[PDB]
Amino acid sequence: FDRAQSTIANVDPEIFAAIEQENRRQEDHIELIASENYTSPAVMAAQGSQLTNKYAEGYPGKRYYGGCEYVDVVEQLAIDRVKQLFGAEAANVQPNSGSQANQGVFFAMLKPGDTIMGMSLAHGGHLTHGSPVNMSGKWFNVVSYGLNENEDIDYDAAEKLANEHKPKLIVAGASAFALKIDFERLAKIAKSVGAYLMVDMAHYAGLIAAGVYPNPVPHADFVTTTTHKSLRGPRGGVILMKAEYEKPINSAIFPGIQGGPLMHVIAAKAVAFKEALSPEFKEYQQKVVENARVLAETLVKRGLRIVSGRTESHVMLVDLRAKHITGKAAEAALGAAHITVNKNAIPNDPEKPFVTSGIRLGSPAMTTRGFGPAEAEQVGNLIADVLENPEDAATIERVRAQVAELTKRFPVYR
């Protein structure tokens, strides 16, 4: 237990080597997975702290164990800051993940077998929004809604579904949707059938905090989110709720579905929220939206199609059919050229779910490492180059060579 002797290299050479290779992989690859980001050294330092040694069951000033004076300060700062970030009436910063945040809401307000509404997985919804192989879909009755012919959210069909099936709770938000979501319209739909509105803003949370994407907080009963992704924090979850749901939400997280919170991660959440309150963060998110638009614009110029026809956020879904390539094949080829994306089903995808006709692209990560409009356009063209000739070794080589020039010029961690 000497900090000079107990280093990863000294204790575990294998793990040391793996972490080192992952550090270099993060430098040497252009990351375009929309859910990924690079969190600050300050954030990482916090969850590498001795706060992992503390059991702090309960809430600030209301713990089961003693000695929680300082972790109470930590958690309350996290609570106050995330409340300030989104203008929420109350908050819970203990969810271990985005999944647990969502489950926390379900446990608080629902009973197994209740009917819920959520965006279909096939049209950009998340697993925890009602997938039959997820708890949300196996232990509850799920009625899903999707997009219309214009590839915008079909609010009319959702309203008809709400009146027909009378859900106890409506889930909104997405893992792969490029446009602004009309939270006010959804709140009216939910109120019209006496349902709760839960918005999962995990992907947009950073953009919302900077005010470059609509805030669901004034409209929703509950707002759940991850602290990683566009919020650029540590890996974990947060529940935002109206004051009237403070008691059941806090009780649901503990002792409902969790035990001792990860106080070291909560500290990291607090550091991330502090960063998110700065003017620099708003400037970062403005560049996130700009880079995403430029990336989508460039792909359209090269003959690709964007689902919904445009992006109004950090993310886009690219229809690949014009280049006669599957999402799976595109993901692999792009990967060989050191560009990380992920395959993703498009609306009415003619391919199998594990094959798909599209790729999901996001700008938060590349924006964090300093990419601007010019680089975003270059990346778009590099992507198209691979898509038009995915198995040509010479093409992959040329692109990988240019990617190397970008990553050397824009290092992630200095």
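Just count from 1 along the sequence shown to find any residue number.
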Would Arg321 be found without coordinates in at least a third of the other compared entries?
no
Does the comparison with other entries of this protein show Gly98 left unmodelled in at least a third of them?
no
Averaging C-alpha B-factors over each stretch, which comes out higher, 90 to 98 or 161 to 169?
161 to 169
Per the entry, where is the mean C-alpha temperature factor higher: 137 to 145 or 226 to 234?
137 to 145
So among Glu57, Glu388, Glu36, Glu27, who wins on Cα B-factor in the entry?
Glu388
In this PDB entry, which of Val193, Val341, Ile266, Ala272 has the top CA B-factor?
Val193
Sorting the chain's CA B-factors, does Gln258 end up in the lowest, middle or highest third?
lowest
Going by the recorded CA B-factors, say which third of the chain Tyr245 sits in, lowest, middle or highest.
middle
For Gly206, the third of its chain into which the C-alpha B factor falls:
lowest
Would you mind checking where the Cα B-factor of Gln76 ranks among the modelled residues of its chain, as the lowest, middle or highest third?
lowest
Tell me, lowest, middle or highest third: where does the Cα B factor of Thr367 rank within its chain?
middle
